[PDB]
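Given as structure tokens, the chain that follows is alone and in the form deposited in one PDB entry.
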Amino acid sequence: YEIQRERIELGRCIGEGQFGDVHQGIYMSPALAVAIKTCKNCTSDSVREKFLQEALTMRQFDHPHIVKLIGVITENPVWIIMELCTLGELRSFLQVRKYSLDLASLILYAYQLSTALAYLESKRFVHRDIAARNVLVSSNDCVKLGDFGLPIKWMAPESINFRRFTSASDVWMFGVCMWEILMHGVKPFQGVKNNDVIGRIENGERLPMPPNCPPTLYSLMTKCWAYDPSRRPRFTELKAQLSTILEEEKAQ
């Protein structure tokens, strides 16, 4: 896990994080383009602990659609080395590339995320924050699930009401994330108060069917939004049905 500083060449700043700047760079073991998370106040054991907790958590996972931890440099200045997702945040990608993106690409992103989530569920790991803002774009045909973070408008009723986060609450959030992708990065319940969401969910109200979303895909989203968590499908079901929906779109 520990990387020698020499094997890392530091490039341009690609944005800011909670503890410091995020830079892009290259790592040689062949030759990989990487993301480098820095930490300004990591001389403080307290700040170093919180900063390096990200590496501790990410180490256990290995999936093609989950952001990969390359390693860590624990000597000061402490850095976290991540796999680089060059096309950045999914929300901006979808907004910018809206008229360059076909339905088949949007379903591909939803499918790839369901495979990432089926893997997390296979490990008995609950993400707790599934939203398009936590997805990065590696390439035009490739998205990765991460965690860069209350998101009431994405949350299952039991998470709102009782702070209950389970595999079933993850499925609810995934349905909202799927709606965001097909809405090209448009946020759910726009111009609606976080207190007005709770009331609408209880009454039976759900996010409307996105324009040009196949009705089969929308039927899948509504299954994720079953009020009763025990009636929600699991990610193995979602992965299989998204695969079928993807082939129906690829075979026009």
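We call the rigid core the largest set of C-alpha positions that still match within 1.5 Å between the two forms. Just count from 1 along the sequence shown to find any residue number.
What comes next is about the form deposited in another entry, which does not appear here.
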- line: The residue to pick from 140, 76, 122, 86, given a Cα shift of 2 Å or more between this form and the one not shown after core fitting, is 76
message: Following rigid core alignment, is the displacement of the residue 244 C-alpha between this form and the one not shown equal to or greater than 2 angstroms?
response: no
message: Does residue 16 shift between this form and the one not shown by 2 angstroms or more at the C-alpha, the core having been superposed?
response: yes
